[PDB]
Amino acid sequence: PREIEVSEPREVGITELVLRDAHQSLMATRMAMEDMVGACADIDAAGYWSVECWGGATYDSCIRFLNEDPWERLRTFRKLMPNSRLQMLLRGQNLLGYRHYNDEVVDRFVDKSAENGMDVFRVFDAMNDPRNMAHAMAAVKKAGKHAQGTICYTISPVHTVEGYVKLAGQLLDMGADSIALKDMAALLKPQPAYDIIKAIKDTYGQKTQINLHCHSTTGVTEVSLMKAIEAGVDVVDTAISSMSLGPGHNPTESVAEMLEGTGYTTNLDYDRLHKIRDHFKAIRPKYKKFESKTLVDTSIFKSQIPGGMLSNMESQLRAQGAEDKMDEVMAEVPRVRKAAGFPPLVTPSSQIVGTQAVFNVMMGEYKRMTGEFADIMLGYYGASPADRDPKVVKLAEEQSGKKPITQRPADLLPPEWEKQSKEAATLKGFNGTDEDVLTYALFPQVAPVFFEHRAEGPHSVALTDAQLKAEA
């Protein structure tokens, strides 16, 4: 008499991603602020646990493509959604930048983020190295905000339920207010979702808050969400229905509706959701030049290679004139990943492993290692989920000249704030705020251009209504 234990009837929280991850995932983070503010009042009254609206690649996109100040976007969202918990994605010691920074820059960033209104900080590390999340987490706690330690979910010979439970404990040991299980490539299947969520709950207690973030790329994660809820997950992330599916996420309204009669419920206002849905449905067509063309792709369950990663390599092959080896590269990826210690294949690990895999298929296996790949093998990005091939490590040392380290990389970084401030203050357009210094520290090559054009006001790279009627 086969049975499955499920959590008691209860309310499940929902985190809306339409203001950040949905457009990052579906239209290359090009969503203009003027296209979002109109839905803030309804979003604020919908009943969401939190509203993800900052961080991720939006900082870069704001200054690099929309001539928009990220800090002004945060202040506006804070003002237009006063009753909501704002949430952001922060890549640990890397912040929203291109490298690891000295602890004082992390302190500065978190302090100004909280000061400008951020409530929940989802801190994560691409290699799942808890030491790279530790300082950011502490800064979030000092600011009295909600620190959400993140586990990047992946499938590999060394990733197991026990390993995830272990990482959850390390996150709780750093003062994590909640645990985020991050499935960017939609690799989390139903049974594993149930087993992992249940194991964490059984091991650290039902009071342990877990938020599940799954993309819908492979098309199986809405079922995984149902399993996670049966396993007792506290909150699940979704995207309003007119901005969902594909490389995006499962639909907010769909996840809310599917629970009727199960004993589980959300407390979202369907009317507010309807308005938010209609709002983005009217606006989405203008971003048609940035849309993806694949709604469902399960090939990753066999190749371990995320579509975006395969594309980045594919181009590199038809740009090297030998795309007659797309099959040899896909077979090399697993080997490179293995050598690197099976890190999750998310940015930047994915591009690094992918690019290095290409070289090995042409210039010869590890004949020439990129600077990024050498740093991963030498530990400058942190610890890997598994031990790295000492033989491939040694070569990296003889091809770069750097010594292999194993301690938290930021331990070697010297104070840099004062140096960042000085340099930033020489740029035309610098407004003198720490916010601007941070913009310079995070994006040195863009800060200059953004600072002297910011006065024009934010723009949009989306089609205008006029241009839409032109296509028609």
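In case it trips you up, residue 1 is the first one in the sequence shown, and so on.
For the segment pair 49-57 and 415-423, the entry gives 415-423 the higher mean B-factor, averaged over Cα atoms.
If you average the C-alpha B-factors over 16-24 and over 445-453, the higher value belongs to 445-453. The PDB entry assigns the greatest CA B-factor among 95, 268, 310, 212 to 310. In the PDB entry, the Cα temperature factor peaks, among 131, 391, 182, 279, at 391. When the modelled residues of the chain are ordered by C-alpha B-factor, residue 114 sits in the middle third. Placement of the Cα temperature factor of residue 244 within the chain: lowest third of the modelled residues, per the deposited record. Residue 306: CA B factor in the highest third of modelled residues in this chain (values from the PDB entry). In the PDB entry, a CA B factor belonging to the middle third of its chain's modelled residues is recorded for residue 291. Residue 172 sits in the middle third of its chain by CA B factor, as recorded in the PDB entry.
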